[PDB]
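Asks: model the structure of this input:
(chains A, B, C, D, E, F, G, H, I and J, ligands or ions: 6)
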Amino acid sequence: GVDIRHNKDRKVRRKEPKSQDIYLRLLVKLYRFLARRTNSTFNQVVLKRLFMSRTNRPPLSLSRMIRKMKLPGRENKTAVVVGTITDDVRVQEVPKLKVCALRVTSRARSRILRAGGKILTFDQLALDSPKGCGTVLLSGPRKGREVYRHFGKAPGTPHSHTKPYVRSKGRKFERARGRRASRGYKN
Amino acid sequence: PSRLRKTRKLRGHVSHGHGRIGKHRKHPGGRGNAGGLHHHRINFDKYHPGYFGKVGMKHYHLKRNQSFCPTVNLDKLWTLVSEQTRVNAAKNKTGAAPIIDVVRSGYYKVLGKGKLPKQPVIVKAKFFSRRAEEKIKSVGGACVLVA
Amino acid sequence: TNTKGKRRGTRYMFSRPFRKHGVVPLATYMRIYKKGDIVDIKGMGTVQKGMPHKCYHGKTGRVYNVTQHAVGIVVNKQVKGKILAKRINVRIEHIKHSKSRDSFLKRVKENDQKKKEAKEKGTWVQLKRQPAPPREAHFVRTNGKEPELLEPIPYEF
Amino acid sequence: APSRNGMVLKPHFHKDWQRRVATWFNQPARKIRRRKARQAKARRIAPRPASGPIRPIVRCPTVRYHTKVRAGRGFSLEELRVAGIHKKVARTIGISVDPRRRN
RNA sequence: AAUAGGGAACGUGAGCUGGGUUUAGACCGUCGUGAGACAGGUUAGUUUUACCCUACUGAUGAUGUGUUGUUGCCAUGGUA
RNA sequence: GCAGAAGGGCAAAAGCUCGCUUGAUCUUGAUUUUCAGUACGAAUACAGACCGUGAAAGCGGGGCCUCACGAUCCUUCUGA
RNA sequence: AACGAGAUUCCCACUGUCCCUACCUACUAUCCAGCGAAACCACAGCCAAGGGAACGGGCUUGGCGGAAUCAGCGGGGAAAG
RNA sequence: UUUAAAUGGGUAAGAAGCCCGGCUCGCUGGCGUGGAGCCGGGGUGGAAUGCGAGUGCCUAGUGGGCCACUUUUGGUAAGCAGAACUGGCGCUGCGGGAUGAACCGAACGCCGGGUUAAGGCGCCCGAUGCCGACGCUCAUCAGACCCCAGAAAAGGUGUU
RNA sequence: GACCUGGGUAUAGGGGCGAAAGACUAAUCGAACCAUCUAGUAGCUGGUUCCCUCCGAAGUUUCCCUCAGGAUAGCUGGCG
RNA sequence: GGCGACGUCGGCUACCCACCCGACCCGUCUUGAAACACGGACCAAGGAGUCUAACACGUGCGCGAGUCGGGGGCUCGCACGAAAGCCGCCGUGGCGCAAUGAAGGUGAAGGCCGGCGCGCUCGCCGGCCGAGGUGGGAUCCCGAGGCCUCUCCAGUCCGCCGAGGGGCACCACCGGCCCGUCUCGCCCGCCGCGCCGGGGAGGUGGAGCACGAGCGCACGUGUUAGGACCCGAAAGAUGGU
Ligand SMILES: O=C(c1ccc(-n2nnc3cccnc32)cc1)N(c1ncccc1Cl)[C@@H]1CCCNC1
Ligand SMILES: [Mg+2]
Ligand SMILES: [Mg+2]
Ligand SMILES: [Mg+2]
Ligand SMILES: [Mg+2]
Ligand SMILES: [Mg+2]
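Replies: Residues are numbered from 1 along each chain as shown, chains lettered A, B, ... in the order given. Ligands and ions are numbered 1, 2, ... in the order given. This is the structure:
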């Protein structure tokens, strides 16, 4: 015997996607080639984001993308996102930025290609910049889901803010004791 | 898929995934929401605070058509018309503002939401908020009310 | 079973020690507690108005809040399998300044300035402290005399 | 019976519901039974129009729907009175009549 | 001569017996509004099976002696 | 001695006598104790009113401290 | 009083209840010819002591241990129901 | 209870730290006072040892426990009832304790060679079949190895 | 002889009938039998079907007409 | 390097037999079972975590501020076709895109610049814009200097680069906005001057906002309701013999 450990020796990350999409399976073969061979840390983040789930690749709208490319320095770079590009209705005009994503939606690649920008995939990204030089790899708001407002301490602990699972919103649905100091108590 | 599930993998093992001691029977805690104040109390607070009691006024026979008003706030307001309108609106002839009526788009009240663009409008809604109509009166627009 | 009362097991520890009873010394109140002052808690027994509990007596926290007659202190409490940053209002008689960082505050003051003495003089003073090393090969001297022969005494009751 | 953070639920299965069960297995069979009841009703009648008489312009009630226009029941004798056709002549002209309707 | 003291599932119910306690009937006393209660008294009340294995008791026999008979010897066990 | 069970505390006092008083009022949160780190109860430090006392600093939002109490549903009264 | 297949105590007569058992008969049992079940059954079936779920057939250390059976037997199998 | 340990409990052992310059405040108020906050600038090697951490969701089983050091409560005591700390058994085989849940070593993939731990080495039964050392002891009930499984007061001109 | 019996007849289930024992009512009676509601309920017993690999417990907290059971926290695994 | 022919050579299994060592009978509840605890004579076949609804989270797919025909409708009379295909002035509707209050109801954009009213603890006009600020922050950008067969002159490249910069998601913090209530307050408005509307500043309550992530389908785990993993009462009711 050697020690008394309560094993965590099997790390619990993803070494491949659980998808059987044969076009993502060739991006994996392309980028895990480029991960272990080009000696860059851009291509290791992009390789591990392709392994991620549909939840861990949240969508990215058009006005977080052009808002994080109005910044100083970003004037000629490419916005790489491992995940889909949607478009805000909120935004009015679009600049001529150059994007690179898995799966741009149809109205998003019409308003990008009206302004004169260019849409890319991860095949012609590697032919353009193998090291990933001059790239702003952007992410989506992964705690933007409806699921995270149900996550927290407990909905009936002090201050809590935790949104109980009620089946329907309204009066006479979880609003009486524990929620006002008259009827019982208040957390 | 009966193939892909836990009971094929758990066949051969005696208590079938439920324990020698606890020995899963039928209904050890009661059926349904039994004992919600008594022995399941700590579950019903800490996860459903508010579950017991009267809280308001009773309204017999409500009709979900009298209270019907959908809302659009001002960012979703220029998508009610074409994009061919607003590009035609601002190209320097006169103060010709387009209509945007939310009632033939299925909305009744116009709420406020920042970044209404620099063009003037005339917006025909049934109701307005005061934040909404003073964004409109600050882009040179007008606020006409309809029944 | 065990009477979960406030001020329960303090027959001795919420008492004035011995022959230090009576009314309190007044420099207890002329102490200056700012935010981030590290203070420790020793609840007295004469003032009843703000004694903390029997769980903080002998512990040490840090001032986050100052009011007219009391001080908010954020302490750590060992509850069963986790420790909890807890914040208690304690009146000013029950605390004092912790001198536990005051022997650190000298050797940041006379360490920063002795660092810049090696920049004007040119050396490698090695200002980090070391533990007690094993003893140096010294040299003892039995000059004149000869060592004393001692032997174990017999047993008598 | 309840557990961690979940939904408090009321399944209405406290009543003997397996006798009163309704399966829609005859539902393709009844879609081709009422197509054949439309086809053998179209060819049976005439060159008279299929799907019956002319319905009026009618506006819906109740604030939520009062901005739309719906097909109605008949033609509200006053409208038959102004147009000049008789109330008992009209339903063999192909015109639906609802006498209880108000203008 | 002496009427010492104890054990073996308080030895021993497919060995017996059933007097006692200890089902159902019943009487009396006390207690209870009552139904009923009482190591309180009394009376009447089904005691099943061995043909199995071992132990034991007897009854043949088995191994070896080439076969079989006769006359014996004593290891061991019991023991008055 | 401090109402009382104990322990802690207390001397131009927290005791004893006297003089005025109602802060034992109105209101929002935070915190501690029990603890799941939920509730009631008890408690602490404030903050905002309106007050009392004192020459004033101050002290006071019940009892020198540790105990002395109670959800939903329903009833009842009060409030704009 | 009379009456109890009622409960009890003593007495006379009477007797195998007993001292204390013995013998005889019939029917079985027993053996043979024919005919033939069931209960029960983890595997099985020699002990002592030890330890052990504190009372073993098996385990531990000892004693030891020859086929196959018959008539009985009621110690045990904490026997069966 | 004046005094008062050993073991123990908290905190601290730097960059979120230190110093300087200025400015906001309706707080505080003899005062360019006090205190908070904000901005900007200057100097990183600050006990020993070991180590990759941080974070969220979903979640089964469990909710009869038992034993031994040491510490202790009730009891005459108990293989008794009830706590504290740690380790075990339960969930765990193996070597030794003849035997065994918990003792002593030691924890386990399937083998070959080497070495050991606890424990042993007359013969069962591997190993003293050493020319082992020094004494003590005779029993007509000798003695013989943690837990552990048998004995006290008293007594002996028995021997040392 | 308040005698014994045949056949006919009447009484039917919370009812019958009883010189009374909770007796009898089709081998069933301190509430028959038959079919159904009904696969009635069970915090309680017994059972719960292939292999290998990897990780690996708990018998404690608080509340409950709670003490053979649950809810809760802890311990666990899987996904990241 | 060497040895051996028609009975020998090699080989092992669900073959048998022997020996030495080890080894109590399984399942089962239990702190503890070889138990003097219970079930099991033997063999064969049957035999126990299902399905529907709801919800939760994880994962896979399609579209994406939207998504979804499930209910209808259309298409010669076609086995397979109870399929598939299409509609879109069939999207009604569902869920999502907005919250809050018992309700009447109300309902989420700020900062700077330049000036002015007692620049009065308050504010006003116009422009510029536009989801604020702090501390961390993968990646990326810049980068003095550094690295090559003779020296001064020039080119691409690559590796090393102290330092500096813009900072993703996310965490902590500060500010802001919307609704309910509280306190303190002054001002403005007119399909009509009121027991009228609107505004302010501070504090608290909310399942909010702060450049959207949802919907549909499928699978897995979990919980529940149903006979609900299988078997099991003593009962209760209705109708009859
Ligand atoms: O016949 C029997 C009889 C005897 C034993 C059983 N048993 N016992 N355990 C048994 C296990 C399985 C089967 N039967 C079993 C059954 C009945 N009688 C009897 N004896 C005593 C009490 C009760 C009765 Cl009824 C009659 C009564 C009249 C006089 N003659 C005897
Ligand atoms: Mg269970
Ligand atoms: Mg399970
Ligand atoms: Mg030890
Ligand atoms: Mg067993
Ligand atoms: Mg009934």
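Asks: give the burial count for residue 4, as a bare number.
Replies: All of this refers to chain A. By other CB atoms under 10 Å in any protein chain shown, 5 other residues sit near residue A:4. C-beta here means a position set from N, CA and C on the backbone, and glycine is covered the same way.
Asks: that answer is for a different chain, and I need it for chain D
Replies: 7.
Asks: which SS class is it?
Replies: What DSSP: H, G, I helix; E, B strand; the rest coil gives for residue D:4 is coil.
Asks: also residue C:110?
Replies: Secondary structure for residue C:110, judged by three-state DSSP, is helix.
Asks: in a helix, residue D:82, correct?
Replies: Yes - the assignment for residue D:82 by three-state DSSP puts it in a helix.
Asks: how many neighbouring residues does it have?
Replies: For residue D:82, the neighbour count with other CB under 10 Å is 9.
Asks: distance check, it against residue D:75.
Replies: 11 Å (CB to CB, to the nearest Å).
Asks: cool, residue D:90 as well?
Replies: 7 Å.
Asks: of these two, who's got more company?
Replies: Using other CB under 10 Å as the criterion, residue D:90 and residue D:75 rank with residue D:75 on top: 23 against 19.
Asks: surely the more buried one is in contact with residue D:96?
Replies: Yes - the criterion here is CB atoms under 8 Å, and residue D:75 meets it with residue D:96 at 6.1 Å.
Asks: identify the contacts common to the two.
Replies: The contact sets of residue D:75 and residue D:96 overlap at residue D:56 (CB atoms under 8 Å, 6 or more residues apart in numbering or on different chains).
Asks: sorry, back to before: which neighbours do residue D:90 and residue D:75 share?
Replies: Residues touching both residue D:90 and residue D:75 by CB under 8 Å, 6+ apart: residue D:97.
Asks: spell out which parts of chain B neighbour chain D.
Replies: When proximity is defined by CB under 8 Å from any CB of the partner chain, chain B lies next to chain D at B:27, B:29-34, B:40, B:43-44, B:47-48, B:51, B:63, B:65-66, B:68, B:103-104.
Asks: spatially central residue for chain C, please.
Replies: Taking CA atoms, centre = their mean, the centroid of chain C lies closest to residue C:100, which sits 5.0 Å from it.
Asks: isn't residue C:55 up against residue C:76?
Replies: No - with contacts counted by CB under 8 Å, residue C:55 stays clear of residue C:76, the gap being 10.9 Å.
Asks: need the overlap of contacts for those two.
Replies: By CB under 8 Å, 6+ apart, no residue touches both residue C:55 and residue C:76.
Asks: and the residue in chain C positioned nearest to RNA strand H, how far from RNA strand J?
Replies: Going by CB to the nearest atom of the strand, RNA strand H is nearest to residue C:100 of chain C, at 3.3 Å. Distance, residue C:100 to RNA strand J, using CB to the nearest atom of the strand, to the nearest Å: 25 Å.
Asks: and the helices in the chain?
Replies: Just so you know, I chose chain A. With helices called from DSSP state H, chain A shows them at A:24-35, A:42-50, A:62-65, A:108-115, A:122-128.
Asks: nope, chain D please
Replies: With helices called from DSSP H, chain D shows them at D:27-45, D:78-83.
Asks: that older thread, which element, helix or strand, includes the residue nearest to the centre of chain C?
Replies: Counting by DSSP states H and E, there is no helix or strand that carries residue C:100.
Asks: and it, what does it touch?
Replies: Applying CB under 8 Å, 6+ apart, one finds that residue C:100 lies in contact with C:38, C:40, C:60.
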